[PDB]
Each structure stands twice: as structure tokens, then as C-alpha cells.
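Enquirer: an experimental structure, sequence included, is below.
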Amino acid sequence: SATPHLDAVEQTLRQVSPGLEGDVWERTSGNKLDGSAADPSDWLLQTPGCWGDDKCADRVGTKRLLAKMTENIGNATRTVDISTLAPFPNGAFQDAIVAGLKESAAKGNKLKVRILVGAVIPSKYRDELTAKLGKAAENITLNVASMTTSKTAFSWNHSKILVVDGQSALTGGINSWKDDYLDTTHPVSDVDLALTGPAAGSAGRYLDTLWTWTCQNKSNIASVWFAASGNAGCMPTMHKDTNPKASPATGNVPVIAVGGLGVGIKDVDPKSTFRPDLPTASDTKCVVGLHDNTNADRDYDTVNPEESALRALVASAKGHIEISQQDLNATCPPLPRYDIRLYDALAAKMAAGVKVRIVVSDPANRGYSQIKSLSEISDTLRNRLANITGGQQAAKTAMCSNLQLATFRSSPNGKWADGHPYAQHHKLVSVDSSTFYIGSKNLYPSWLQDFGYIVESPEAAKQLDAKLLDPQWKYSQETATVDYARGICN
Ligand SMILES: *[PH-](=O)([O-])[O-]
């Protein structure tokens, strides 16, 4: 097969979540990574993109991110569909959205627009946007909502998607928060991707799934705050109703779109006959009373295929795996400390000689960090390795021979020049310089609505190496507590 990694991930998803195929996950062909002619790798919307410079003077990443948001929205003829984590977009993120909407209106288009956040706010944002659009607002039917799907399971939207006409999609880890990303001399390091094709339709069907729940629950104040322009109603199926069921083809790139429904939207996929072997405990559940959806809830997996997809992506690797995250571990309580099956999958790979690189955010950020020390990751990997290598000594040897583990830097300085630690927020997994995930789903335990793309394209994977992973390792490797390539083993 030309797509061994997607084939494996797809076979897992059809067992886990067959009833959600089409809507919460979907494999498509015919996509394109949407870079420019001058810089074809710039589908990779990293921010700030100021490698080597502790003053972050030339933010080529940020500039491209904001320009691409405006360009995509400005090309809308029918729909603009945005999700993010609250607060609602501000600063130059909001400026980019307003500029694009004004551009589309001036080209003569009448648009439907949805903006969904996970949590007086929605009405205030709607009014700010309408004021800023001026006469362009007459061309726009707007829905704005904030939502929480479960208080007790801490579940709300965490996806960060911008879909236009069901044709183009931007998604990734970037929240639209000016103070953390933009107006600061210690900007957060993160990444989105830009694509076009049928996979953008997949994102539109995912957002229809979320808005269908949101509109059904719009009169329940504890769950949903909703605001619309004029006399407009809630639009649960804007994508289905307005865009073609199969988006046009734009290229040759195969993609698996995958997300999750968190807790409180749907309890189980009734079509699933998935019956997992659930790992033998570990020291993940810090307290006996906590209900652990990540490690001990089969039904949760069936409505959160993204967890299984990411674990399957790791399992598909033949040579090497690079992981860039804010964290691998969560704060307990209320979440379990780690995904046991994920760490087991990484351990299985290292026991087989497949190299694993994990770069996380500096604990000095703890907040863009949830651990005190990298030992909280290496101890856990070592303990899971011990189950499959015969003991603690053989686990340590396997780990030290196959692991790179470090905290993130983007220049030679240990911190930004302004003295603040580097914070990173990517949700990135790449395997074999072939297949990668970029999206909103963290690898640390979390029970939110999330979404992302798994792309199998060696060309694009090589671009990701050159533009992000290689520079990251260049500067980050100085903090490594384990690095097989240099014989480091603390
Ligand atoms: P996310 O925006 O919490 O990772």
C-alpha cells in the first residue's frame, strides 16, 4: 500500500467507532496542503516562527498565520465555520476575521457564519463583531455560542477549526488569544495546518455534530449561551445544508479527519462492538474515587475515536516517532495522570528499537506545564517498559537506547530574552517522516471535544521536519535528560 499508516489507523477506527464514520472521523482522498507558490511548506502555520532569536524579532510564522486566516475567509462565497476555546478571538486574530468577512462581502457574497467556543459573553462578542463589520454585516447571518457539555467531567469544546465553504480548513492547537501568542515578548509556540479538499468537508460535518447538540441544548443556560444576528435561528446543520456533500478534489493527499465528542453529547456509539483489553493499572489514578474515562471506560472510547487514532498512529511507526506537546501528563485530580495505553504503545515501540522523541513545555511554566520534572515522563515510560523487557534494569537500557526526552527551546538561550520560559502548546505527532497528526487533541488525559487531521504524505512530512521538528531539536536538545543519539541517560 502507498498508505500503510492510514490503513492501520482506519482499520482501528472502523472497529472503535463505526457509527461515527463520516461525521466524527472520516478518511478522504484528493486533498491538498495549502501552501503558497513561493514557500510550499507554509501550509504549516507555526507560530511565532522566529527560530534562533531570543528576542523573536522576525515572526514569519505569526505573520503567515494571520494572513492565511484573512485570505481563506476573504475567499468565502457561502459559509464560515469557526470553533475555539474561550475566550473568543481577540486582537489581531479578531482583526483577521473581520477583514476577511469584509473582503467576502465586498466581492458580493452573502454568508452564513458560525462561531463556537468551549467554556453575557456570546451576545457581547456578536455585537462587537457586528459593530466592526459595519455595512458588511447586512450580508451575514451570524451564530455565536459558548458551551459546556459536562461540568463533572470537565468537558467542553477544545477544537480550533476554521472551515470556509466546506472547501478549506485550518486546524491545530492555536487559540485566538492575543496576550499569549501575539502582544508579548515571550510568545507561545504552537502550530496549525492549512488544507483544502474533501477533508475540509469532514471538519464541516464534525462542526455540524457539535452545533446539532448545541442548538438542541440552547435553552439550557448551564450548558449553552447562544446569540444570533437579527431574527436568525440556530443553524445545527449549516454545512450539510449549504455545501456539497462531497467537497471538490484539490490534490492527491490522503487524510483521516478524526475528533471526539468528549462527555455529555453522546454516551456510546451503539453500532460499536469494540471490546478492548484494558491495561493493568499503573499509578495513573492519584485518587480511588475518580472515574477514569481515558483508561477505564470502553463506551467513552467509542465516542472519542481520536484517542484510539493517536495510539494507532504511534503503533504504525516502523522507524521513528516525534511528539511535540505541552504535556504528556495531566494534573490529577481531576484527571488521571497519564494515558496508560499510549505509554504502553510507546514502550512497545522502544522495546522493538523504534526511536521516540518527546519534547514538552518547560516545567518553569507551571500554566503551560503540568509536571515538575521530565522524570515524571521517563519514570512512567521505564515502568511500562519493565512489563515487557523483564524488569527495571532492562527497561532503563531500552529507554536510554531509544528515547530523546527534553523541554522546548527555540533559540540558544534557556529562556526568552525577556526572562520568561518558553511555553509550547503543539498537539503534534509525526512518524517515519511519512504520516503526522496536527490538531487540538492533547496526548495528556483530557475529556474535551477535539479535532485534527492525520496526513500521510512523505513530502509534507519532510517539510514538517525541515521547518519545525529539526529546528526544535536543534535548540531543545540542550535540555535533554535522555538522548540516545548522544548517550545521555539521567
Ligand atoms: P488546550 O487549548 O487547552 O490545549
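Expert: On my side now, so go ahead. Numbering: from 1, shown residues only.
Enquirer: can you list the buried residues in the helix or strand where residue 399 lies?
Expert: Residue 399 belongs to helix 392-402 when assigned by DSSP states H and E. Residues of helix 392-402 classed as buried: 395-396, 398-400, 402 (neighbour count, 16 or more other Cβ atoms under 10 Å). Where you see a C-beta, it was placed from the backbone N, CA and C, and this is true even at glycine.
Enquirer: following that helix, which helix or strand shows up next?
Expert: Later in the chain than helix 392-402, the nearest helix or strand by DSSP H and E is strand 403-407.
Enquirer: what packs against that next one?
Expert: strand 355-360, helix 375-389, helix 470-476, strand 482-483 (3 or more Cβ pairs under 8 Å, 6 or more residues apart in numbering; DSSP states H and E).
Enquirer: one more time with 10 Å, if that's ok
Expert: Applying 3 or more Cβ pairs under 10 Å, 6 or more residues apart in numbering; DSSP states H and E, one finds that strand 403-407 makes contact with strand 320-325, strand 355-360, helix 375-389, helix 470-476, strand 482-483, strand 488-489.
Enquirer: that older thread, report all helices and strands that the helix holding residue 399 contacts.
Expert: helix 340-351, strand 355-360, helix 375-389, strand 482-483, strand 488-489.
Enquirer: can I get these in JSON lines including mean neighbour count and distance to residue 79?
Expert: Putting the helices and strands packed on helix 392-402 into JSON lines (neighbours: other Cβ atoms under 10 Å; distance: least, Cβ to Cβ, whole Å) gives the following:
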{"stretch": "helix 340-351", "mean neighbour count": "22", "distance to residue 79": "35"}
{"stretch": "strand 355-360", "mean neighbour count": "24", "distance to residue 79": "37"}
{"stretch": "helix 375-389", "mean neighbour count": "19", "distance to residue 79": "42"}
{"stretch": "strand 482-483", "mean neighbour count": "23", "distance to residue 79": "47"}
{"stretch": "strand 488-489", "mean neighbour count": "16", "distance to residue 79": "51"}
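Enquirer: out of the ones you listed, which is closest to the ligand?
Expert: Among the helices and strands packed on helix 392-402, strand 355-360 comes nearest to the ligand, with 12.7 Å by Cβ to the nearest ligand atom.
Enquirer: could you give the angle of the closest one to helix 340-351?
Expert: Calculated by axes from the mean of the first three to the mean of the last three Cα atoms, to 10 degrees, strand 355-360 forms an angle of 140 degrees with helix 340-351.
Enquirer: do strand 355-360 and the ligand come into contact?
Expert: No. Strand 355-360 does not reach the ligand (Cβ under 6 Å from any ligand atom); its nearest approach is 12.7 Å.
Enquirer: quick one: strands adjacent to that strand?
Expert: Strands that pair with strand 355-360, judged by DSSP bridges, come out as strand 320-325 (parallel), strand 403-407 (parallel).
Enquirer: got a markdown table for the helices and strands packed on helix 392-402, with distance to residue 243 too?
Expert: Shown next, in a markdown table, are the helices and strands packed on helix 392-402 (distance: least, Cβ to Cβ, whole Å):
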| stretch | distance to residue 243 |
| --- | --- |
| helix 340-351 | 35 |
| strand 355-360 | 38 |
| helix 375-389 | 42 |
| strand 482-483 | 47 |
| strand 488-489 | 51 |
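Enquirer: one step back: as a markdown table, the strands paired with strand 355-360 with distance to the ligand would be great.
Expert: A markdown table is the format used below for these (distance: least, Cβ to the nearest ligand atom, whole Å):
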| stretch | distance to the ligand |
| --- | --- |
| strand 320-325 | 9 |
| strand 403-407 | 17 |
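Enquirer: next, format these as JSON lines and append mean neighbour count and distance to residue 229.
Expert: Formatted as JSON lines, those follow (neighbours: other Cβ under 10 Å; distance: least, Cβ to Cβ, whole Å):
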{"stretch": "strand 320-325", "mean neighbour count": "23", "distance to residue 229": "38"}
{"stretch": "strand 403-407", "mean neighbour count": "24", "distance to residue 229": "45"}
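Enquirer: take those and write them to CSV, including distance to residue 255.
Expert: Formatted as CSV, the strands paired with strand 355-360 follow (distance: least, Cβ to Cβ, whole Å):
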stretch, distance to residue 255
strand 320-325, 19
strand 403-407, 28
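Enquirer: indicate which one of these is closest to residue 61.
Expert: Closest approach to residue 61 among those (Cβ to Cβ): strand 320-325, 14.3 Å.
Enquirer: now that closest one and helix 392-402, what's the angle there?
Expert: 90 degrees.
Enquirer: CA atoms of strand 320-325 as CSV?
Expert: The C-alpha trace of strand 320-325 is given here as CSV (Å, rounded to 0.1, in the frame of the first residue of the first chain):
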residue,chain,number,x,y,z
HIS,A,320,10.9,6.8,14.5
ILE,A,321,8.2,8.9,16.3
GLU,A,322,8.4,12.6,17.2
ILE,A,323,5.9,14.0,19.7
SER,A,324,5.7,17.7,20.5
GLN,A,325,3.2,18.6,23.2
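Enquirer: give me the neighbour count for whichever residue of the stretch 51-200 of the chain sits closest to the ligand.
Expert: Distances between the stretch 51-200 of the chain and the ligand by Cβ to the nearest ligand atom are smallest at residue 85, namely 4.8 Å. Here the count is done by other Cβ atoms under 10 Å, and residue 85 has 19 residues near it.
Enquirer: go on, residue 196?
Expert: 24.
Enquirer: right, and it touches residue 68 too?
Expert: No. In this structure, residue 196 is not within contact of residue 68 by Cβ atoms under 10 Å, at 11.7 Å.
Enquirer: the ligand contacts on the chain?
Expert: 85, 158, 175, 442.
Enquirer: before we move on, the earlier item: will you turn the helices and strands packed on strand 403-407 into CSV that also has distance to residue 252?
Expert: Output for those, formatted as CSV (distance: least, Cβ to Cβ, whole Å):
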stretch, distance to residue 252
strand 320-325, 24
strand 355-360, 29
helix 375-389, 37
helix 470-476, 25
strand 482-483, 37
strand 488-489, 41
